[PDB]
2 protein chains.
Amino acid sequence: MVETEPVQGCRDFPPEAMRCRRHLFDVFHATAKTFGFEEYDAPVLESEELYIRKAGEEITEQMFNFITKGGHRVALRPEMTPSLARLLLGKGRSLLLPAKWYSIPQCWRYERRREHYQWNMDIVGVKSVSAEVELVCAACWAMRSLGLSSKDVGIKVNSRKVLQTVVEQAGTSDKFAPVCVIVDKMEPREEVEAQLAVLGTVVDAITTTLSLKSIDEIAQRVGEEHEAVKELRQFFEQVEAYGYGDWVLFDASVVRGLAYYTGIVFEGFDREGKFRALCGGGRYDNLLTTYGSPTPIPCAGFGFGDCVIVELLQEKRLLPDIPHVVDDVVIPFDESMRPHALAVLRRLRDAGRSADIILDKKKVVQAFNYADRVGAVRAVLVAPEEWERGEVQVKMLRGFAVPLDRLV
Amino acid sequence: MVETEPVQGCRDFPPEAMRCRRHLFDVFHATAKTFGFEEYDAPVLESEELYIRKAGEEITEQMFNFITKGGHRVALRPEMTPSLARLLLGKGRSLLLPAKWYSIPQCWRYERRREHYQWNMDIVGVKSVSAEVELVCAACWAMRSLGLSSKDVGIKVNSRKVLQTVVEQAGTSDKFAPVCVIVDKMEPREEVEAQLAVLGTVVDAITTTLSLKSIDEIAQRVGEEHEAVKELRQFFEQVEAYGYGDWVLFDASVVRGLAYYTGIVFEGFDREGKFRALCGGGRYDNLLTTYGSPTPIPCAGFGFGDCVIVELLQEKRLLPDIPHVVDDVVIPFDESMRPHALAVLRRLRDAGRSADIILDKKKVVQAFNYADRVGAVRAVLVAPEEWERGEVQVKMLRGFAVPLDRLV
Ligand SMILES: N[C@@H](Cc1c[nH]c[nH+]1)C(=O)O
Ligand SMILES: N[C@@H](Cc1c[nH]c[nH+]1)C(=O)O
Ligand SMILES: NCc1cccc(Br)c1
Ligand SMILES: NCc1cccc(Br)c1
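Asker: Can you break down the overall build of chain A residue by residue, with the values?
Answerer: Along its length, chain A carries 15 helices and 17 strands. The C-alpha atoms of chain A give 28 Å as radius of gyration, which overshoots the globular expectation for 408 residues (22 Å, by more than 25%). Expressed as lengths along the three principal axes of its C-alpha atoms, the size of chain A is roughly 95 × 55 × 45 Å.

Here it is in structure tokens:
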């Protein structure tokens, strides 16, 4: 007998589980459309070269890679952002900016779960913090659409520019990304301190700034007109004006684990402190330059996974099982009525209704039970006596003779 | 500079191409919902064991497989049906039958294109040809929804039971699947004859039956009540009653390339003879038994690829480029108006409209051009003078002061 379990670390989505996923994805798509983003996609299989960043990232450490028979280094994508950039770089001057692009790719890792889906939202060609404002509002909107409130979740926001200063002022920029990657692990002090020491006083200044509790305190240490300060202030003013001020807050400890973030960074969290980050992202104004773009392309975006949000929605009782539904179930009284019932099935579907016909041979009561089990709104019985009168029998599930034309 | 081209044999879907794909997929989903099918999914990565069928199929010959670091034999799925069966077998007695399940998986091959998406539709637990009738009507419905008519396309239908008789009557059933696989290649007689000879008179009887031009001729060679004859007659009567008689026809040469088909088989084709099969499928009543099910589970279904249909739709001029659209573009008169414009953006989106706000700093005329480029129905200018009167300026793209409450 074949193994019924899926491959290690991978999920099956039979109809029940698929409905839950579709509930979530419908929100990702609806939110993207509400915010004017355009859908895109790219292959799950990409060249391994795309992810060679040399900053010790967890994402590139845990890569699901292999070699083709042709001897090429490939990987199932651990994230989408490099694929986006490849696509953007491929378009070059032909791409109208600004561009707002989204996708919901399955991404992969190897080490526990080995795959997840991850809603991606990115804004390309916008220098100002309005990009990050929109991105954060979009994540909040998705969560609000799922039934969560600002009492359940928030988005913590910071800028890597603050720390950038401090790293630079201690005397080599090529260690900044590695530094962010390390400092990302902060929530074991002994471990993180030691990691920085391996990378080559400045550790104390890093730790201090991370623990600064407000923007005013940041301004005291970098002036009220440091790059980060004006941008964060503008960011918060704009989110407030959009009406999502209760969802967002400053946290100097947020850097994210990815090498390529240059500016504002953010992550979503549950206000009970029970789950990992709901989503995360930021600005990455240099990535396209590192890929070989002749002109710097400003970019910002986030990823929003399909696992943590579901855990949280389950905890909050916001994922009721919503059963399957169909508008009509057409029941032939017996097999002699099947051709007639097919003609009725056609009419109903032509009118835009979802409809089944009883496919096997079964008695009316068992047909009706079937209708109830599949969540039919209406059972339509096609019987000899009614048919002669140009009618069927209709019965609402959530009896009466009805003429054919009046069914729709 | 990074390679901008996707990995060999794989497609990128920037927004333009993604719109075309979504046009198609929307039809696959809409048709599935109209026909009462339930969505499911499973991992693209499956155990290689799932596809070890030993019948010389092209599908298993051209498999995109590899070995994990853990030393397990895995593959990116070449088709979905084995994954379905694994899922069905895993559920066992807990699954309500009949079940109608669909998916739109990306499937893979290695040899030219290496991936495609393939709409899958399967009906489980229905012994009678009503299953095949519904499946074929669903494929026709999808094609009609895409703008094609019965003058553009048809579905050729046959039963492997006819040939089964002839193979059996020549004296070993374990060669039947291999025989179908070979005979599938018929449209080079020298090649096909020779292939059968390698497998071990009976070749002449096989070729003759394949060339029988009608069901009446089949009935002459197997009697008017052979299994296949009554089932094909019933099949055609039912499709006729549903109103799709002009879409379907008998063709004794259709066997399909897959080992597991036992009964009716079918494939879609363009009536100009320009393209490969649009779709294909049939009944496979024994697959679940070969996987170890203690009770035989009747099954039928088809796959419908995303490549040939697009070629045909392009030929027929049925794939116009449909540009991006958004309902509103909100334009701050200048940066002082950005907070106010964000409040307006919120209102519009709250009402279910799709809306952008100009994110960068730009003059009104360039903002308006942007609005036109992204396919805005309406431009909403948020200016100082109007705002004081509790209004914005609205202008339809496909000017006037409008009070805030009246925008939605
Ligand atoms: N790729 C990032 C999220 C992101 C998308 N765009 C920008 N950032 C991640 O996986 O966490
Ligand atoms: N798996 C078959 C189609 C199919 C789905 N269900 C039954 N048949 C193919 O790839 O051609
Ligand atoms: N934490 C990032 C990640 C990346 C790919 C797959 C999974 Br599951 C998780
Ligand atoms: N012809 C079957 C097939 C299977 C997987 C991928 C492609 Br492209 C084609």
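Asker: Residue-level account of the pattern of salt bridges, with values.
Answerer: If you walk through the whole model with that rule in mind, you get 68 salt bridges over all chains. For A:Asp285, the salt bridge goes to A:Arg283, with nearest N and O atoms at 2.8 Å. A salt bridge links B:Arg233 to B:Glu224; the nearest nitrogen and oxygen atoms lie 3.2 Å apart. When salt bridges that share partners are traced, they join A:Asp152, A:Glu272, A:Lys274, A:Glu315 and A:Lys316 into one network.

Asker: Tell me about the site of ligand 1, and name the residues and values.
Answerer: Residues and elements named next belong to chain A. Around ligand 1 there are 13 residues in total, and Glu79, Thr81, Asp122, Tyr260 and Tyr261 lie nearest to it. Here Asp122 contributes a side-chain N or O atom positioned 2.7 Å from a nitrogen atom of ligand 1. Considering ligand 1 on its own, with 300 Å² of exposed area, one finds that the protein chains cover 94% of that surface. When residues of the shell around ligand 1 are traced back to their parent elements, those giving at least two are β7 (115-124) and β12 (299-305). Looking at the shell around ligand 1 residue by residue, the class counts come to 5 nonpolar, 6 polar and 2 charged.

Asker: So, the site of ligand 2: which residues are in play, and what are the values?
Answerer: All names here are of chain B. Taken together, 13 residues sit near ligand 2, with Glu79, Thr81, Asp122, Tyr260 and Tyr261 positioned nearest. A distance of 2.9 Å separates a nitrogen atom of ligand 2 from a polar atom in the side chain of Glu79. Contacts to ligand 2 include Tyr261, whose side-chain N or O atom sits 2.8 Å from a nitrogen atom. Summarising the interface, the protein chains cover 94% of the accessible area of ligand 2, which totals 300 Å² for the free molecule. The set of elements that each furnish at least two residues to the shell around ligand 2 consists of β7 (115-124) and β12 (299-305). A per-class count over the shell around ligand 2 returns 5 nonpolar, 6 polar and 2 charged.

Asker: If you had to explain the packing of aromatic side chains to someone new, which residues and values would you point to?
Answerer: Tallied over the entire structure, the rule returns 41 aromatic pairs over all chains. Here A:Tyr260 and A:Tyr284 contribute two aromatic rings whose centre-to-centre distance is 5.4 Å and whose plane-to-plane angle is 50 degrees, an arrangement assigned as tilted. Residue A:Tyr260 is located in the loop between β9 (248-250) and β10 (264-270), and its partner A:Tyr284 is located in the loop between β11 (279-283) and α11 (287-290); the two are separated by 24 residues in the primary sequence. Comparing A:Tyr260 with A:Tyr284 shows no difference in burial state: the two are buried. On the numbers, 5.7 Å between centres and 75 degrees between planes, the contact of B:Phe35 with B:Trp141 is edge-to-face. Exposure class is identical for B:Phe35 and B:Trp141. Each is buried. Grouping aromatic residues by their ring pairs yields a cluster made of A:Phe13, A:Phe25, A:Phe28, A:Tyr117, A:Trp119, A:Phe266, A:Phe302 and A:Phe304. Geometry around B:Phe35 places A:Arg349 over its ring, the cationic atom sitting 3.8 Å from the centre. Above the plane of the ring of A:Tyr242 lies B:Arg346, whose end atom (NZ or CZ) is 5.8 Å from the centre.

Asker: Go over the domain arrangement of chain A, please, and point to the residues and values.
Answerer: Residues and elements named next belong to chain A. Domain assignment breaks chain A into domain 1 (1-318) and domain 2 (319-408). A C-alpha centroid distance of 49 Å is found between domain 1 and domain 2. In this assembly, domain 1 packs against domain 2 so that about 460 Å² is buried in total across both faces, 64% of it on carbon and sulfur atoms. Interface area lost by domain 1 to domain 2 is led by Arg19, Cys20 and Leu318, which between them contribute 68%. Across the contact surface, domain 1 and domain 2 share 0 salt bridges. The tally of links from domain 1 across to domain 2 stands at 1 residue pair in polar contact. Of all the elements in the fold, those that place two or more residues in the side of domain 1 that touches domain 2 are α1 (15-34) and α12 (308-315). When the residues that make up the side of domain 1 that touches domain 2 are grouped by side-chain class, the tally is 4 nonpolar, 2 polar and 2 charged.

Asker: So what about the sheet that holds strand β16 (residues 391-396) of chain A? Which residues, and what values?
Answerer: The pairing of strands in a sheet happens through backbone hydrogen bonds and is either parallel or antiparallel. Residue and element names in this part refer to chain A. Here we have 5 strands laid out as an open sheet, ordered β14-β13-β15-β16-β17, and mixed in their pairing. Whereas interior strands pair on both sides, the edge strands pair on one side only; in this sheet they are β14 (355-357) and β17 (400-403). Taken pair by pair, the neighbouring strands of this sheet meet at an average axis angle of 30 degrees, ignoring direction. With 6 bridges connecting them, strand β13 (residues 326-332) and strand β15 (residues 376-382) associate as parallel partners. When the sheet's bridge partners are listed, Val326 is paired in β15 with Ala376.

Asker: How would you summarise the UniProt feature "binding site: L-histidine" (unreviewed entry) in chain A if you had to cite specific residues and measurements?
Answerer: Residue and element names in this part refer to chain A. Those residues carrying the UniProt feature "binding site: L-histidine" (unreviewed entry) are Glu79, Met80, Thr81, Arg109, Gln118, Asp122, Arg256, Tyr260 and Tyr261 in this numbering. On the secondary structure map, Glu79 appears in the loop between β4 (73-76) and α3 (81-91). In this structure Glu79 comes out as buried when scored by relative accessible area, which is 4%. Within the local environment of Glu79, its side chain forms a polar contact with the side chain of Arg53, the two groups lying 2.7 Å apart.

Asker: Provide a residue-level description of the interface of chain B and chain A, including the pertinent values.
Answerer: Tallying the contact residues gives 86 residues for chain B and 86 residues for chain A. Among the elements that line the side of chain B that touches chain A, the one with the most residues is helix α1 (residues 15-34) of chain B, at 9 residues. Residue composition of the side of chain B that touches chain A, by class: 43 nonpolar, 15 polar and 28 charged.

Asker: Talk me through the sheet that holds strand β14 (residues 355-357) of chain B; I want residue IDs and the actual numbers.
Answerer: Residue and element names in this part refer to chain B. Spatially, β14-β13-β15-β16-β17 is the arrangement adopted by the 5 strands of the open sheet, whose pairing is mixed. Of all the strands in the sheet, just β14 and β17 (400-403) have a single pairing partner and so form its edges. Direction aside, the axes of adjacent strands within the sheet are offset by 30 degrees on average. Pairing geometry for strand β15 (residues 376-382) and strand β16 (residues 391-396), over 4 bridges, is antiparallel. Within β16, the residue paired with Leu381 across the bridge is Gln393.

Asker: Can you explain unusual backbone geometry? Please cite residues and give values.
Answerer: The linkage connecting A:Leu97 with the following residue, A:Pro98, adopts the cis geometry, with an omega of 0 degrees. Examined against the element boundaries, A:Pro98 turns out to sit in the loop between α3 and β5 (99-103).

What counts, and where the lines are drawn
Residues numbered from 1 in each chain as written, not as in the entry; some residues may be left out. Chains lettered and ligands numbered in written order. Heavy atoms only, no water. Residues with missing side-chain atoms left out of burial classes, pairs and counts. Helix = DSSP H or I, 4+ residues; strand = E, 2+ residues; numbered from the N terminus. Rg over C-alpha atoms; globule rule 2.2 N^0.38 Å. Salt bridge = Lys/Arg side-chain N within 4 Å of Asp/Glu carboxyl O. Near = heavy atom within 4 Å. Polar contact = N/O pair within 3.5 Å; in protein donor to acceptor, adjacent residues only side chain to side chain. Areas by Shrake-Rupley, 256 points an atom, 1.4 Å probe, with all protein chains shown as cover. Nonpolar A, V, L, I, M, F, W, Y, C, P; charged D, E, K, R; others polar. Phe/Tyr/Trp six-rings, centres within 6.5 Å; stacked < 30°, edge-to-face > 60°. Buried < 20%, exposed > 50% of the residue type's maximum accessible area, 1.4 Å probe, protein only. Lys NZ or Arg CZ within 6 Å of the ring centre and 35° of its normal. Domains from an automatic or database assignment. Buried area = accessible area lost by both parts, 1.4 Å probe. Pairing = 2+ DSSP bridges. Axes fitted to C-alpha atoms, helices over the stretch in contact; angles between N-to-C directions. UniProt positions renumbered as here; feature names shortened; annotations may be inferred. Contact = heavy atoms within 4.5 Å.

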